[PDB]
Amino acid sequence: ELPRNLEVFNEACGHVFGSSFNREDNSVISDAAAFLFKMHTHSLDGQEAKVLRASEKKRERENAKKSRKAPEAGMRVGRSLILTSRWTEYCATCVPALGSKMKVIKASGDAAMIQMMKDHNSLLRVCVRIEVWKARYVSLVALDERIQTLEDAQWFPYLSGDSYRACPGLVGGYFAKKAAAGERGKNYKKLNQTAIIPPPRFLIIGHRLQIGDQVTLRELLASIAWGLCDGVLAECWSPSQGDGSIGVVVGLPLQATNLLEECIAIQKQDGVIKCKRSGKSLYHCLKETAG
Amino acid sequence: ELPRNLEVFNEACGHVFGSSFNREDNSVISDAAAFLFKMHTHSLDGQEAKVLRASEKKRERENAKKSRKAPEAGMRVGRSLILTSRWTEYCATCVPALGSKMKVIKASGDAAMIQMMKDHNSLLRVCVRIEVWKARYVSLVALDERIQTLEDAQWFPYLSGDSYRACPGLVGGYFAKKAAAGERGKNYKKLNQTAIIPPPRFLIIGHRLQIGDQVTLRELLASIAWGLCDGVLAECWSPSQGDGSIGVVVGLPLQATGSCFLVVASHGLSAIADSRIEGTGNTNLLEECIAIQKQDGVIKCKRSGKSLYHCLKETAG
Amino acid sequence: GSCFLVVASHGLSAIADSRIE
RNA sequence: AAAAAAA
RNA sequence: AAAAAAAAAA
């Protein structure tokens, strides 16, 4: 009884990855979502070429991509995902042809193509959300060299253009800067570096992150923040008996001398509490506590 | 006796410049490297015109260059470099024709042309390294007007596109800004503004800069840093007996172990530029130290917090 | 005219102006 | 080390 | 009760 959005992603992952797709591992789901996003953006080998206004170097790149042999059944994507023979059929039938626009399909009145385009859009949105969460998870232990000043960190995450197009309100990168550093329309979404994105294992099943659900510290920190946010957010997690790298969520931050006195708000089971800021980046705090 | 790059640079400079090429003068080697870089980039008079995607202004400039007479034999290069009558032969022979690409020559299968293309690439790399070192050496006692803020100084040196193409890791400038701002792939190299470059009188010989070599203060400082770096690097030098002008190298700094110490604003908190300096308001950032690898061992030297250009002129008064 | 910048190098921290420090 | 490749 | 949907979409 899941929403069509997550049902589409589940069916697509099943069709493209057979039984090798594990529905409980964050890395596996993130890699599968990345591959599906690439497939639905016409960026794999053997797919159509983006030659509307491409430059000569871009022209050669697209032509080589189109001419290059497409992925074959049995390919290894990531670490534990294996492509099946049905992936070609899905890529042919469910990926809209390059340059397809929703307006044209809607005007044509074809119900099948309209439904296919809606499923494609939902899959793009879900894959972009998973991509953003994985970027936040990666940033906890390995920062990007580009982040050397507060202005540079203001635009995290640094994702591709199509990622921004699908989910403007979560993706940063160059395109977010261009949108902000330029003419703004009414349909303008403001970047939220700390939007709560449930972990992929919870995202693809419709589960909403809340208090009392078992998660890992890195999982929660990537869900509610990223590497360079303050370390006080680590107070939202509490390790379980025996640790074992698995604990439980006890709260979720709100609004997602004196300077160090600033406090964050944590929504606990009883009620909102004010927690003093630590002043140390989550990346630095995790590095220090690693040993 | 020498690697291919150093041997080819020596051969090129000797052939082009006759006996006038002094092998023990940094300025002479810098001038010769600049001239060879101009030659191999077709930026001299009378060479091919770059018109592939040139704008009408660029087309006119290149056409005027082509129509202009090429330099005549015996012309004075810089101060103490004079062209020989046999430089035209080398320019016509060892300079790849405009638009030459390695893949095309590899498809051709001619070993001689492959060797010539590899020689051209190596010569470009060596000349660009020498150009970068001379840029720093100039910056030691002659500030660049284009630099007025830390952001501008972040991309030093400011060199042409060919220099960035040959040695991306050592050359700054507009193309370095363009590469850094855009997507950073696996082939991207971060601009190492203070990467160690042996002086030209060492680079062509291949003698790696190390402790004990007799160098002048300015040339050593250019090798390890540039004009706007900290003055503490002057501690890497020590005058020899009798003062004079040439001393000795006593240490070589290290530029590793660098991490981020920022905390962006979130959930109502306020951004912090640095966690360490925050403390309780004590903005005393003078305890930082630079690691110097000496013969006895590694030591740490407290930063002086003053520009090298300032210190060099001040201590000379 | 002159400048007092000290760019970050060798693990040090950048300075916007030597005098102000 | 090697292999790609202009404001 | 900002969160989710449908219109638009280097």
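Everything below is about the structure shown above.
## With respect to helix α11 (residues 217–224) of chain B
Argument step 1. Of all eight residues that make up α11(B), seven are buried, and the element is covered over most of its length.
Argument step 2. Of all the positions in α11(B), only B:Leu217, B:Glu219, B:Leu220, B:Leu221, B:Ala222, B:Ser223 and B:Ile224 are classed as buried.

## Looking at the packing of aromatic side chains
Argument step 1. In this structure the tally under the stated criterion is 10 aromatic pairs over all chains.
Argument step 2. Ring centres of A:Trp133 and A:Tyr137 lie 5.2 Å apart, and the angle between their planes is 25°; on these two criteria the pair is classed as stacked. Here the residue A:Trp133 and the residue A:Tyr137 both occupy positions in helix α6 (residues 111–139), the gap between them amounting to four residues, near one helical turn.
Argument step 3. For A:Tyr137, a relative accessible area of 23% gives the class partly exposed.
Argument step 4. Taken together, a centroid distance of 5.2 Å and an interplanar angle of 25° make the contact between B:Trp133 and B:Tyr137 stacked. Taken as a pair, B:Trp133 and B:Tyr137 lie in helix α6 (residues 111–141) at a separation of four residues, close to a single helical turn.
Argument step 5. A relative accessible area of 1% means that B:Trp133 is categorised as buried.
Argument step 6. One aromatic cluster is present, built from ring pairs that chain together A:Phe17, A:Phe35 and A:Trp87.
Argument step 7. Residue placement shows A:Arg201 over the ring face of A:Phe202; its charged tip is 4.1 Å from the ring centre.

## A few points about the interface of chain B and chain A
Argument step 1. On the side of chain A, 35 residues touch chain B, which itself brings 21 residues to the contact.
Argument step 2. Considering only the side of chain B, the residues that lose the most area to chain A are B:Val264, B:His267 and B:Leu269, jointly responsible for 31% of the buried surface there.
Argument step 3. On inspection of chain B and its partner chain A, the count reaches one salt bridge.
Argument step 4. Between B:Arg53 and A:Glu56 there is a salt bridge, with the nearest N and O atoms lying 2.3 Å from each other.
Argument step 5. Residue classes in the side of chain B that touches chain A are distributed as nine nonpolar, seven polar and five charged.

## Description of the sheet that holds strand β5 (residues 252–253) of chain B
Argument step 1. The strand order β5-β6-β7 (chain B) describes an open sheet built from three strands, whose pairing is antiparallel. Both outer strands of the open sheet, β5 and β7 (298–302) of chain B, are each paired with one neighbouring strand and no more.

## Here we look at the protein's contact with RNA strand E
All names here are of chain A.
Argument step 1. Close contacts around RNA strand E come from 14 residues, with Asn5, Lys103, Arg125, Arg165 and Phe175 the closest.
Argument step 2. Taking all atoms of RNA strand E within 4 Å of the protein, the share assigned to sugar and phosphate is 74%.
Argument step 3. In this structure, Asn5 approaches RNA strand E through a side-chain N or O atom, which is 2.5 Å from a phosphate oxygen.
Argument step 4. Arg125 places a polar side-chain atom, nitrogen or oxygen, 3.4 Å from a phosphate oxygen of RNA strand E.
Argument step 5. Classifying every residue of the surface near RNA strand E by side-chain character gives two nonpolar, five polar and seven charged.

## A word on the packing of helix α1 (residues 4–17) of chain B against α6(B)
Residues and elements named next belong to chain B.
Argument step 1. In the contact formed by α1 and α6, the axes pass within 9 Å of each other and the chain directions differ by 85°. The angle between the axes of α1 and α6 places the two elements in the roughly perpendicular class. For the pair α1 and α6, contact is made by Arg4, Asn5, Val8, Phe9 and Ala12 and by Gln115, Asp119, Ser122, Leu123, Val126, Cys127 and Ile130, respectively.
Argument step 2. By residue class, the composition of the contact of α1 with α6 is seven nonpolar, three polar and two charged.

## Here we look at the pattern of salt bridges
Argument step 1. This model, assessed by the stated rule, comprises 15 salt bridges over all chains.
Argument step 2. B:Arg201 is paired through a salt bridge with B:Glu219; the nearest N and O atoms lie 3.1 Å apart. Here B:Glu219 lies in helix α11 and B:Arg201 lies in helix α10 (residues 200–203), a separation of 18 residues in the sequence.
Argument step 3. Its salt-bridge partner being B:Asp230, residue B:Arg303 comes within 3.3 Å of it at the nearest N-O pair. Placement of the pair is B:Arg303 in the loop between β7 and α13 (308–315) and B:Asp230 in the loop between α11 and β3 (237–238), with a sequence separation of 73 residues. B:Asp230 matches B:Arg303 in its accessibility class, with the two residues each being buried.
Argument step 4. Among the charged side chains, a network of salt bridges with common partners joins A:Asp230, A:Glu262 and A:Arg277.

Thresholds applied
- The residue numbering used throughout counts from 1 along each chain in the order its sequence is written. It may not match the entry numbering, and residues with no coordinates are not shown.
- Whichever chain is written first is A, and whichever ligand is written first is 1; the rest continue in order.
- Remark: hydrogens and water are excluded; side-chain values derive from all non-hydrogen atoms of the structure.
- Residues with missing side-chain atoms are left out of burial classes, side-chain pairs and their counts.
- For every residue, the accessible area (1.4 Å probe, protein chains only) is compared with the maximum for its type, and the residue is labelled buried under 20%, exposed over 50%, or partly exposed between those bounds.
- Counting from the N terminus, the helices are DSSP H or I runs at least four residues long and the strands are E runs at least two residues long.
- Aromatic contacts are taken between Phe, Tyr and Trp rings whose centres are within 6.5 Å, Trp giving its six-membered ring; a plane angle under 30 degrees counts as stacked, one over 60 as edge-to-face, and the others as tilted.
- To sit over a ring, a charge needs its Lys NZ or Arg CZ within 6 Å of the ring centre and within 35 degrees of the ring normal.
- Any two residues whose heavy atoms approach within 4.5 Å at even a single point are treated as in contact.
- Buried area: the accessible surface (1.4 Å probe) lost by two parts on joining, summed over both.
- Here a salt bridge means any side-chain nitrogen of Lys or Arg lying within 4 Å of a carboxyl oxygen belonging to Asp or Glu.
- Here the term charged refers only to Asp, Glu, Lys and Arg, the term nonpolar to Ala, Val, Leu, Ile, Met, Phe, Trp, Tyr, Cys and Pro, and the term polar to all other amino acids, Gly among them.
- For two strands to be treated as a pair, DSSP must find at least two bridges joining them.
- Think of it this way: one heavy atom of a residue within 4 Å of a molecule or strand is enough to make that residue near it.
- N or O atoms closer than or at 3.5 Å make up a polar contact, with two conditions inside protein: a donor-capable atom paired with an acceptor-capable one, and, for residues adjacent in sequence, both atoms drawn from side chains.
- Only C-alpha atoms enter the line fits that serve as axes; for helices the fit covers just the stretch in contact. Angles between N-to-C directions range over 0 to 180 degrees.
- Orientation is classified from the angle alone, with under 35 degrees giving roughly parallel, over 145 giving roughly antiparallel, 65 to 115 giving roughly perpendicular, and any other angle giving oblique.

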